[PDB]
Amino acid sequence: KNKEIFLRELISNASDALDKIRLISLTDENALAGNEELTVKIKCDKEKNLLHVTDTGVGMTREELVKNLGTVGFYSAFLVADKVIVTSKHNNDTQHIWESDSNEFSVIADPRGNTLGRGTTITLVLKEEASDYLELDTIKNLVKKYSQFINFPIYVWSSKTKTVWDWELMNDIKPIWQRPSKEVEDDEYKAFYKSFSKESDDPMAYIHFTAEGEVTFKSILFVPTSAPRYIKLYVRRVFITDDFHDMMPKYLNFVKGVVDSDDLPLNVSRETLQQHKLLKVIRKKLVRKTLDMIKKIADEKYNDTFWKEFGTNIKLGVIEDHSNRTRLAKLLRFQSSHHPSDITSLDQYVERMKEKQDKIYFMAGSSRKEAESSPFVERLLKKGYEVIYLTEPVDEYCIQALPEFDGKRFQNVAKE
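- The record lists X-ray crystallography as the method behind this PDB entry and 3.40 Å as its resolution.

What follows is the structure, given as structure tokens:
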């Protein structure tokens, strides 16, 4: 019922094959000698009932083709095809052909020899009910749709008017995080987020900034709509990794998105890159702009959505991140005696204090009902003070890591 997905899936891998050979060509001087271009080339063959999707990517050795495909949403190609033919050429091997009707497979050396130079061609023998993917206009439309966020030129063999056939580019190789913000539509920012985590729901909030200073990088970060129960780094526009975990601190692990330095050493090992001094700088900047992004959330939306998902994170942040402790404190929310259910900020608490009250009162409990029914609060409430209810186990350690807030010291009502 959603068969078209196949072409997104094919395009998706082509891009990863292209990203793989690129990483290689950072340490390997020869990598691209087999074929100088880095492109995805899609061709129709209506008369032969075929669909080709050719990447000048990393390619596959004979041993790889057998293992990687015989023993990756990919296989979705069988939704539209009776037979799938993978013709590949890797730098460490001679050209090969893998073919399958999904009942078995066979890998033979390519009789035509090295026709590809380097890369892969996925040839689909299309089903009699998928004859619509032979039409140029259907294909262009699909390609263009799934092209949007690919950073590698995608061409389709098309006609133009007498009749001339040629490669027609389908997308903008120019990444969106490299575009000026004023020119980026809010739809795009959202799509781009979907196009690298699926779930296909708007992100709770995105920030898009270009960093000046000790290090220079463009970036987009996102706050996911639900706490998952992550960051792709690029150097001079060349994909490097996402296995970088010390990117963000622990309490901010939920953040997703891209960082695109032009200052980092491009032609290094990922070992070397990770211990690089500039990363700790790039880290600092990202946390600050994440906490900026979080601040910018609409006041109602913050208490109702964000805080429900990531409240604990923020509470953890106050504990870990001493250098942002104040920026975080202002993001904290709690229940309090001021209202049955609504959560209140610490600033909102202060605004409400009595003139000679210099202590922020809190009662710790296991649940709200426990803490509010406490005998300690009785006198405080009756004399019109407000008491914060700490009901999560992290809360008391949060508050315990917070000396003053706005010149006010905290006070455990259950204590002297």
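1. Digging into the overall build of the protein chain
Reasoning step 1: Helices and strands together make up the secondary structure of the protein chain, namely 12 helices and 19 strands.
Reasoning step 2: Over its C-alpha trace the protein chain gives a radius of gyration of 28 Å, far above what one expects of a compact globule, namely 22 Å for 416 residues.
Reasoning step 3: Principal-axis analysis of the C-alpha atoms gives the protein chain an extent of 90 × 45 × 45 Å.

2. Remarks on the pattern of salt bridges
Reasoning step 1: Under the counting rule described, the total for this entry stands at 17 salt bridges.
Reasoning step 2: Note that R368 is salt-bridged to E372, the shortest N-O span being 2.8 Å. You can see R368 and its partner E372 sitting in helix 10 (residues 368–372), 4 residues apart, about one turn around the helix.
Reasoning step 3: You can call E372 partly exposed: its relative accessible area is 30%.
Reasoning step 4: Overlapping salt bridges bring together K289, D292 and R327 as one network.

3. Some remarks on the sheet that holds strand 9 (residues 205–211)
Reasoning step 1: Here we have 5 strands laid out as an open sheet, ordered 9-10-13-11-12, and mixed in their pairing. A strand with exactly one partner marks an edge of an open sheet, and here the two such strands are strand 9 and strand 12 (238–241). Adjacent strand axes in the sheet meet at a mean angle of 20°, parallel and antiparallel pairs treated alike.
Reasoning step 2: Relative to strand 12, strand 11 (residues 231–235) runs antiparallel, the two sharing 3 bridges. Its bridge partner lying in strand 12, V235 is registered against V238.

4. A short note on the sheet that holds strand 6 (residues 119–126)
Reasoning step 1: Here we have 8 strands laid out as an open sheet, ordered 5-4-3-6-2-1-7-8, and mixed in their pairing. Each edge of the open sheet carries a strand with a single partner, namely strand 5 (106–109) and strand 8 (164–169). Neighbour to neighbour, the strand axes of the sheet diverge by 20° on average, direction disregarded.
Reasoning step 2: As paired strands, strand 7 (residues 154–160) and strand 8 are joined by 6 bridges and run antiparallel to one another. Paired with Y155 across the two strands is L169, which belongs to strand 8.
Reasoning step 3: Packing of helix 2 (residues 62–70) onto the sheet brings it into contact with strand 3 (81–89), strand 4 (96–100) and strand 5, and relative to strand 4 it is tilted by some 20°.

What counts, and where the lines are drawn
Residues numbered from 1 in each chain as written, not as in the entry; some residues may be left out. Heavy atoms only, no water. Residues with missing side-chain atoms left out of burial classes, pairs and counts. Helix = DSSP H or I, 4+ residues; strand = E, 2+ residues; numbered from the N terminus. Rg over C-alpha atoms; globule rule 2.2 N^0.38 Å. Salt bridge = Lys/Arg side-chain N within 4 Å of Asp/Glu carboxyl O. Buried < 20%, exposed > 50% of the residue type's maximum accessible area, 1.4 Å probe, protein only. Pairing = 2+ DSSP bridges. Axes fitted to C-alpha atoms, helices over the stretch in contact; angles between N-to-C directions. Contact = heavy atoms within 4.5 Å.

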